[PDB]
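Residue numbers (PDB author numbering), protein chains in the order written: chain A, 269 to 348, 477 to 802; chain B, 158 to 348, 477 to 802; chain M, 158 to 348, 477 to 802.
Let me begin by presenting the structure, written as structure tokens, before commenting on it.
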Amino acid sequence: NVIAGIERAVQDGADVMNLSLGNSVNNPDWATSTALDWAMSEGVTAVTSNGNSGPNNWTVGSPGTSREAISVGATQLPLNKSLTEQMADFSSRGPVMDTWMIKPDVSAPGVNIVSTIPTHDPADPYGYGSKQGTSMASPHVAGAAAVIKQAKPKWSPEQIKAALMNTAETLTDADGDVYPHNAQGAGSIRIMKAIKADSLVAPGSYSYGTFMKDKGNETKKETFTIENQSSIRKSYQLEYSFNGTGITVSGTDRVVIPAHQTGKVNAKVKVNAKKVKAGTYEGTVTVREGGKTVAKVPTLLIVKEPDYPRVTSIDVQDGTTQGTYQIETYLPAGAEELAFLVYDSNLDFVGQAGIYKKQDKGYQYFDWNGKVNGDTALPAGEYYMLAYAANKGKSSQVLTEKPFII
Amino acid sequence: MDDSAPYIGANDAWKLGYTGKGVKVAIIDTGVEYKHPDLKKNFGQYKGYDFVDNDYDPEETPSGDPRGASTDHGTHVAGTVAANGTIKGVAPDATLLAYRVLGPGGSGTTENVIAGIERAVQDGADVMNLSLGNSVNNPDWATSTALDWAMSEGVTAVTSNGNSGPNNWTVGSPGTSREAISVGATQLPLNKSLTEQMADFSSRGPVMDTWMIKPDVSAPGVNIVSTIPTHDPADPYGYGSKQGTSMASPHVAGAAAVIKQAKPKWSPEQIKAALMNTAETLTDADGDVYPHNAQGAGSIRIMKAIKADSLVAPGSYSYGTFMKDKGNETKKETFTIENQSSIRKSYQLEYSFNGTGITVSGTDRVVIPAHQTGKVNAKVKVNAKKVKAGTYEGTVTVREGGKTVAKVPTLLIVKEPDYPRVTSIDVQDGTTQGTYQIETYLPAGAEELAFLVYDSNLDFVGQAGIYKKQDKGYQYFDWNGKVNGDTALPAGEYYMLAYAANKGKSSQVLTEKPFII
Amino acid sequence: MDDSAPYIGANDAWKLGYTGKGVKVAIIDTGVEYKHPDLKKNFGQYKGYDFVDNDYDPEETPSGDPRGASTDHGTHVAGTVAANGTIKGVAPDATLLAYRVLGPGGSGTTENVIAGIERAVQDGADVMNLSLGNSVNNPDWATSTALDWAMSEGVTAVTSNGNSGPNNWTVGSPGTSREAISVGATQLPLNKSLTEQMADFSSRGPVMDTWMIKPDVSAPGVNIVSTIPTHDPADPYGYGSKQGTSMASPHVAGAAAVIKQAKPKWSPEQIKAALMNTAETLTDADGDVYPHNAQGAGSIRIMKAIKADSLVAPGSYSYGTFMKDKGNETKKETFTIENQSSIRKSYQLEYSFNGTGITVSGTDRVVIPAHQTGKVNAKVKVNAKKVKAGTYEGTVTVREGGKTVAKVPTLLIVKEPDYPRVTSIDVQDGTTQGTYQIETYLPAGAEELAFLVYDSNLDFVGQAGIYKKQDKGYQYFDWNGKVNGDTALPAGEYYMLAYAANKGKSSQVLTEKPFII
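Pasting the structure below:
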């Protein structure tokens, strides 16, 4: 139904599309993400929510993992020790699995938003209500995209995404530290700055992927594109930075672009495997032009294996045969070892449901005969199951909410 | 038949209503006893044909036949495919046709098998089962050409891989066909409890001259109980347990019948790709994945195959041989993904190869609209300076929205393949008394060929003959019975060893059934 | 008759004044009770002829006739065509003529039907209705030749397609004529509410040896209420509901009468082209268009046919068979568009065919002056290397200034058509006591023909006879009652199965009404 809705919205000539739905599978190639990438190529800007998950990396939702779509996180407006803008602690956080893309793309006000609702009361069916969620940060960006498209009728959907993402205010938390890139994206939108922008840097954010070399130096490079929308030949100045030691960044320090033309800047990153601690490092490419800053491109690279949750979700349902069960789990990148353990209603370790090795990534299904540690039948009651997955030198676990009944 | 069918997923398909109703399965074997109570209602009015006798009564060979011995292979195969009653076949609603092409003793002319295949295509059979086969690793045998003629006249063809010990390049003749599902045999998980394991009598690929991966799929084929004729007038019908690669194929034939009932629009190649795509890889006792030319793609899973909206074809690909002495050689293949669903999907490709000096690349992602087709260009590159000669197995894995939709087994060979240089040798009496004829089969010719003679105690008596630059195929040599030149053998019983050397490797084969001087 | 006539558009034509006045319709059936109050005033002074009795009283067969059973088919057909009163026929102003050619029991000699057709042409009948027919798919049957003789002596001929289950190549003998409107039966939209649907007893084409698309048109023929004789002296006239393809044709006969009143200058072929051109395609329950040899061109629409200034002829075309093993084969047809209007028009052609390897082209646009005729050259090309054998359905669509003026169903067959190799078999007692005669019908001969015998329990007793290289048509074989050669049957009741194999396909047919040994 969501794919049909997206396609029918493309049919009906919609210029901007808003998706405040989404599941919690960190997969860039979900069906809803492929459909969203089909648009944004049929000239339709697509704005989607990042998802509603607590402060935790690798929790971005399925439609909000699409490669070409503006994913929006939620922020709190400056409230009185007076605080500045702050990201809400329920916005899903990137990166995206299997592409390591920085998400959310942009953040917008999404906490305590009052707007029109139906009261579902025949006496007075219309009213106003205050709702909160990442699903209500995206409508701000959808309205911003509509305004920009009215202002700049020739911009492509990717140009609008680059203009929103380029002119965005970085957010600092209470202590005074800049929020991580996979909590902010590029900052809060500023419609006025985006509307008055004669230079576009694309892609608005880039991810260098992973560096897996055990020894030696590994070099990667990216080509950013600067479009000089003005009528005057300009000179753009590039400053590359990365946090963390052992990462050296270089590239084109200056370009000159004629009027109504396009230039290419070759950013280059080099990681010394002998000096760099494994982890996720955030960099930035800053583009300056005649005073003002025209863009601040968030970059990101990962060293060794990313620290994604090895197992994301687990649920237990009744099997086709009475007395047996089916365990469905999601492994983002497979599992060298997978274990299902059973806990009583008091969360006391009853025993070990199952052991498995060398599991393929994606959705995995296992039949469980309801017997623990082998040949030991459970007493009747209410139980929880814990999935423990170990892969590539890290292990994760997830507990079944909504306990199943024996 | 009460444990293998649950394993492959037959019962689960039955509860979905898919039992093979309306599908017609032909059994080209020694004939079928179409009066077993478990087989009575699956046979229509016209039961089939009997080519070894030229009558419309395809009954099995009775007991006490001058030309040979009584047979029960065909009835067992038919019960495995579709038996309704005490024993339930894989597709216990399919119509059956019997074609007696193998005479008494289980031996049949190639012309009879070709006639049986063509007549089964005539009679509208949708699925065809061949549990016969010789042991010539030739993809262009007559029975293989006939099997490739079908699978193009809309008839799925399932054949056994053959019954030869654990050894590469031993796949049989009909099971070497380019377009036919060849089935290997597996052992069901038995209690240190073991998982599924391939039997050690299944023939193993690759196919000669095409280097194709065979078997195509494996299926349970060890200790299969099914309907047999007892050849006893007191009670002519019973049940018996037989084992062999010839009894793994009926499971896949029943699976194909069930799928054809479930998916009535699929072509024979689409069914082959669906069985081959959704198959569970098998690991041996220690924990190592069985080689591709011992497994094909794993054991069938009828339930996964029935519920499949994406088909990757061909289900397995072979890049052939890389013969360059120096430099880098690049080959490429185009796999085809059919998106049978109603929603535009994105497929993700992972290419891997074992062995060093082999670099694999290609299209890492495709987007296919609904009810359409996309192409992925896999590419392999071999550095001749770094790669040790041998056979290397790779894999193309296709993922779509979570689940894995296919795991395509790929294979390439570096330098010359290590096939047996000589396959079979036999010695018969010549047209002239006192002389002999030696008939041997050389899969790719022989730079040098030598026939040596051994006594009954396997002591080297001497050297029968030497030959050079022999053409491939069947070779015949006249031997005057004299050893080392002009030395006549003493009377007795002798064995002959053929030693063939070709392209830097040598092989030998000994004549069983010793000949008499 | 109160729901089908509104559906086909009879009432709308009536309000335009077109009710069939002056048109004469002949009903060649079991006779008509020309005293039903609904039929009394539609019969002129001379009611018709009675060929089974040779008198001028074409009354239906009375109750209690030694030669057979009482009949009511003809009266029902006549009420459907033109009944004025409580039930209103399609053309409730047409004169009627009754021709009793089918004797008691509904069976009649072919010579009587030919005589009835010729006498109906004598008597000046403008429309002719044949709701009879055997089940021989032969376009050159005597009744079909007689029907093609009319439609050239200015007499429109409407016939039933026949009553055979959903199966291709089952169209009856008079309904295989090259020039006659053959009608299939449809179910009216009934409440998941369904649209119009073809009944599953209508015979389906194509015609043998001409591959013509049949039925030509479909019409409501399920649950039709109309005038019947009750065969009760207390009240001899009543109404009854009958179903069958034989009752779809009267709707088209009434439609032809109405059109002939509306367009007095149209030839019988022009009326056929006008009915066939303006017809609504029917989709089944799932949503797929019914095949052309199940629909013809769709259901009639009298109102659209009456208001039509452009006629495309022939209304449907068949390209025959493409037998080339390799290469490309091209065929072409010339359709004719008659511009009956007073204004020069431009017609636009769209050609389509289902299936791959078939490329269709031709004249994409013609301009025809007023009251003139243009020719469009449709052309089909089949690539033998890419096309799977089978029957493919195409369409030529003609558009003119907005509205669509025609949708010509086309059809071609690749390689050998999949007709039943053997159609009918019966066994009668021979001239010599103890022997039998087997009469079978082979539509195109048989490379091999086998007669097999089954007991009353349908258990294969043995093989009656084997024959090779049989000529097409009716074949007769003497059988000595002995099975498998020299083995005499035990006394009892037996069935016989004819298995015919020809040109790479085999068919079988079982004798109903078992014969007695």
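Cβ atoms here follow ideal geometry from the backbone N, Cα and C, with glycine treated the same way.
What would DSSP say about residue i, mapped onto helix, strand or coil?
{"i": "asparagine 286 of chain A", "result": "strand"}
{"i": "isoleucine 556 of chain B", "result": "helix"}
{"i": "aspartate 169 of chain M", "result": "helix"}
{"i": "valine 189 of chain M", "result": "coil"}
{"i": "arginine 276 of chain A", "result": "helix"}
{"i": "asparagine 320 of chain B", "result": "strand"}
{"i": "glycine 260 of chain B", "result": "coil"}
{"i": "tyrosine 213 of chain M", "result": "coil"}
{"i": "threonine 480 of chain B", "result": "coil"}
{"i": "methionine 308 of chain B", "result": "coil"}
{"i": "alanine 235 of chain M", "result": "helix"}
{"i": "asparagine 294 of chain M", "result": "coil"}
{"i": "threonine 302 of chain M", "result": "helix"}
With a threshold of 7 Å on Cβ separation, who are the neighbours of residue i within its own chain once the five nearest residues in sequence on each side are excluded?
{"i": "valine 492 of chain A", "result": "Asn294, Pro296, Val328, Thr333 and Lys499"}
{"i": "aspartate 195 of chain M", "result": "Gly236, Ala240, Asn241, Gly242, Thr243, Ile244 and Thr512"}
{"i": "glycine 322 of chain A", "result": "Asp485 and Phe486"}
{"i": "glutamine 555 of chain A", "result": "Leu596"}
{"i": "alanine 307 of chain B", "result": "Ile274, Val278, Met285 and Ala314"}
{"i": "residue 454 of chain M", "result": "Missing from the coordinates: residue 454 of chain M, inside the break in chain M from 348 to 477."}
Taking buried to mean at least 16 other C-beta atoms within 10 Å of its own C-beta, is residue i buried or exposed?
{"i": "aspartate 501 of chain M", "result": "buried"}
{"i": "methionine 483 of chain B", "result": "buried"}
{"i": "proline 775 of chain A", "result": "exposed"}
{"i": "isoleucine 585 of chain A", "result": "buried"}
{"i": "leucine 173 of chain B", "result": "exposed"}
{"i": "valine 681 of chain M", "result": "buried"}
{"i": "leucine 289 of chain M", "result": "buried"}
{"i": "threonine 176 of chain M", "result": "buried"}
{"i": "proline 219 of chain M", "result": "exposed"}
{"i": "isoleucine 587 of chain M", "result": "buried"}
{"i": "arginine 629 of chain B", "result": "buried"}
Under 7 Å between the Cβ atoms of residue i and residue j?
{"i": "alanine 314 of chain B", "j": "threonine 267 of chain B", "result": "no"}
{"i": "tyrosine 191 of chain M", "j": "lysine 181 of chain M", "result": "no"}
{"i": "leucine 727 of chain M", "j": "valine 707 of chain M", "result": "yes"}
{"i": "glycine 583 of chain B", "j": "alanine 558 of chain B", "result": "no"}
{"i": "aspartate 711 of chain M", "j": "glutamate 732 of chain M", "result": "no"}
{"i": "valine 258 of chain B", "j": "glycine 281 of chain B", "result": "no"}
{"i": "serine 488 of chain M", "j": "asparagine 325 of chain M", "result": "no"}
{"i": "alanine 303 of chain B", "j": "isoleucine 271 of chain B", "result": "yes"}
{"i": "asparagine 624 of chain M", "j": "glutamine 657 of chain M", "result": "yes"}
Tell me which same chain residues have a C-beta within less than 8 Å of the C-beta of residue i, skipping the five on either side of it?
{"i": "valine 651 of chain B", "result": "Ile622, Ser631, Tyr632, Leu634, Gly659, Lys660 and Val661"}
{"i": "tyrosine 677 of chain B", "result": "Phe638, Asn639, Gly640, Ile643, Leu696, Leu697, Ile698 and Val699"}
Leaving aside the five residues before and after residue i along the sequence, list all residues of the same chain whose C-beta is less than 6 Å from its C-beta, in chain order.
{"i": "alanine 691 of chain B", "result": "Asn562, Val597 and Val683"}
{"i": "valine 510 of chain A", "result": "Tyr524 and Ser526"}
{"i": "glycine 260 of chain M", "result": "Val209"}
Following a CB-centred definition, is residue i positioned closer than 6 Å to any heavy atom of the ligand PLP?
{"i": "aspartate 305 of chain A", "result": "The ligand PLP is absent from the structure shown, which contains no ligands of any kind."}
What are the uninterrupted segments assigned as alpha helix (DSSP H) that are 4 or more residues long and contained completely in the stretch 595-676 of chain A, given in chain order?
none
Fully enclosed by the stretch 666-746 of chain A, which beta strand (DSSP E) runs are 3 residues long or longer?
675-685, 689-699, 709-714, 721-727 and 731-739
Within the stretch 490-572 of chain M, ranges of the alpha helix (DSSP H) (whole runs, at least 4 residues)
534-547 and 553-562
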